[PDB]
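The chain below stands alone and is given as structure tokens, in the form deposited without the DNA.
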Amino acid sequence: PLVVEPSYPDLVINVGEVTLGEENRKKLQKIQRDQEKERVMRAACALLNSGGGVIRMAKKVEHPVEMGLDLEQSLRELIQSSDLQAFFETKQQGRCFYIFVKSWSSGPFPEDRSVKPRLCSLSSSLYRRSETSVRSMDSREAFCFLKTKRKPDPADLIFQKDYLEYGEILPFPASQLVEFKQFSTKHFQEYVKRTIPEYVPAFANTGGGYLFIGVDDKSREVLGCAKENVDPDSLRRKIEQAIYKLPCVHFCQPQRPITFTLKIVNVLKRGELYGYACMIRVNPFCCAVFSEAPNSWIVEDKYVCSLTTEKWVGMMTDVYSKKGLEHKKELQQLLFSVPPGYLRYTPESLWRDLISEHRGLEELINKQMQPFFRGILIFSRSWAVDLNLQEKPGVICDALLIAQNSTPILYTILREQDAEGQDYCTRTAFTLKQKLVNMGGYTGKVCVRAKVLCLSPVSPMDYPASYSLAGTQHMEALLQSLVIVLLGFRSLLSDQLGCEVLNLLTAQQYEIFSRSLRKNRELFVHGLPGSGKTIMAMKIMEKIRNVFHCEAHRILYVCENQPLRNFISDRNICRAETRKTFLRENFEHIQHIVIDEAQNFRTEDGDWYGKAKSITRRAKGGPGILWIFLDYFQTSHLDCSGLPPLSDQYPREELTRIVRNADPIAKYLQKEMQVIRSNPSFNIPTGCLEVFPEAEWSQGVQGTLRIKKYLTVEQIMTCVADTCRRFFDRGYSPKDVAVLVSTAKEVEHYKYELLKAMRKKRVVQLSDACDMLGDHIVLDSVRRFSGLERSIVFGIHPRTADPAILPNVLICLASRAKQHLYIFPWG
């Protein structure tokens, strides 16, 4: 049988010795030629249905030879096209002949999912009647026939007649519903065994028909067989067994077997019995009937196996990221933008830490990359872990080189030479190559070379020139399929791609939301937690400045918390001030006012709502823009916020899509929002909390949410330090971690405890919530962290003075984490 060779970064199938050349193949016996051709097509079909590979055959001659007319025609039938170069390319070195097979269908959601079949097969074993002949359906015809089946006569008069005279002339000829089969007495029982699978499936697949046994094809005469040889009882059961043996695949309820009518009649010659004749009426079948199992092959594990009949049908008719597939062009342009003229190392943060940690790594990488003048080099601490494989101790880093005029190469750097070094790099290159095809949906020709380098001071195949990345279009298309592959795993670039999907999802909701600037002057935006309410507020001011043609300092941003005010002031898009400064300082020069987290405002310091209305109403261009952003789920106090009653909060805009948190984070928010609705606060208006998110909305970005309880303060602090070190070891930046506590009075106590456990991790410096641009871990209270967002958030002991607000601190906490969240509740 055919087995896959495991010492290569591809699917290599060795078929043994194959005679090549039409002159050499003609001299062979038909049986041997058929066996060799069948083995070659088995390998080719397996590689077409398994994502591509190489077919290795050893030829009996030294000089170059052609593959052969029969093999070429069989491959053409396999791919149903004369474009034989687009899938198969041949090379030969010495006594070995190679055929490099491309993948037929690439990706789980191909662009031609509803057009071309998923499987290539030698024969589908689906016969249907075509006028006076029985023909087999190829892959496209079988696909169309199964699609059709998936959705929800003069011959009768002879059939009812009970006896037939010898030599009777049948008026009707052979046609779509009538077949005349000559019945021979020498192999009469063998003849019945073989003719049933050929014609019964043909009629049942197309409207049914009649099958006459014992009637000459040309002369249409009734002859039958010898009455001595034929046993009508023994003959009847064999036909019944043969018809019931045919495999049938049902797409409907019920699933009754094949319905047919068998009639055995006496043949009379000169008024004397001469023999028996067989009439078969096959009723049309509600589904497909197979003459035998389909001849389609696929590679599972290290073996080549044939697909079962029910498994073949399922593939013909029928973590994956939906968001990554549609945004793959913009995601690639952000992270993996190919640079013209020089070779770029990504990530730059991880590359810098690698060269400083290991001496000589910078010079080793540069010496190997001299021949390459353009491309991108993607670094990682272990590319096997990024592909859910096992890490090999002693590997410094893995690099995937995607350069022009060169096939992709996966470099593995070892700090000392190891016997398993080449085996580890080969398995990761082979795994990455298969994912780029079967998961990233790459429709081109791709091969990943496995190269091993050592820091301290089997042969690869020579792929055809069409496997090399010729220009920008091929490298860009290959990188876009790597984005889909990366988004399905957990790694450094999986999260950096996951972060950019959230920014693309938020920009989609903003475009719908940004249309309200021309229609409204005073607007009350009721956003939901994690819906990007703060992000739109920043985006509108960029649009307000352009639309109204006012300078930046005319727009005023008012918030409740000091740390968020600093964030807005850093971007220089407006003047950002706290509520207290808004009431105290005079703002007669302000034209437009944007208010954020209005539910957290307080009225004891003054009447902020009236003053904001007065300033905007008295603008030069009539009424100015006064957009009030608020979310009643994140109310931080039980006092009166000074807002008008819910009836007067019009016109109103609603943000219901959660577009700033990962999938497990979003599910946590929606589950927690249900608890808030069941126990509304007394100060909160009754009808405001009746807001529901989108019925079926998924961010398509995977994250992490772990709850660890019954841990002491010392025990919690080590877990935070260990998790941060694990993230920083993989290459994350320290500016992606935020630690949030219940109250601002406990910030100083937890800060000393955090440094005590984190001093062992080579970082002893933290930043406050007031400084977000610093490359330090932010440790501050949840309430003072409102309006900000971080990639990794650790919540330590969520607590508040009033148990009524206790359900509200969690939702104000989980909404601050974009991808990773770790909560350590009270014991």
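In this text, residue numbers run from 1 along the sequence as written.
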Can you count, per the entry, how many deposited residues between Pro152 and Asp153 come without coordinates? Answer none, 1 to 3, 4 to 9, or 10 or more. 10 or more
In the deposited sequence, how many residues between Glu228 and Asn229 have no modelled coordinates (none, 1 to 3, 4 to 9, 10 or more)? none
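The form solved in complex with the DNA is left out here; the points below concern that form.
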Heavy atoms within 4.5 Å of the DNA in the entry with it bound: does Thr581 have any? yes
Heavy atom to heavy atom, is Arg39 within 4.5 Å of the DNA in the entry with it bound? no
Examine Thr800 and determine whether its closest non-hydrogen atom to the DNA in the entry with it bound is within 4.5 angstroms. yes
Contact between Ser678 and the DNA in the entry with it bound at 4.5 Å, heavy atoms? no
Per contact check vs the DNA in the entry with it bound (non-hydrogen atom within 4.5 angstroms), the hit among 598-606, 115-123, 683-691, 447-455 is 598-606
Which one of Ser337, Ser733, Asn229, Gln562 is close to the DNA in the entry with it bound, taking close to mean a heavy atom within 4.5 Å? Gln562
Which of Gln333, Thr743, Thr431, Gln509 has a heavy atom within 4.5 Å of the DNA in the entry with it bound? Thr743
Any residue of 749-783 that, in the entry with it bound, places a heavy atom within 4.5 Å of the DNA: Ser781, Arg783
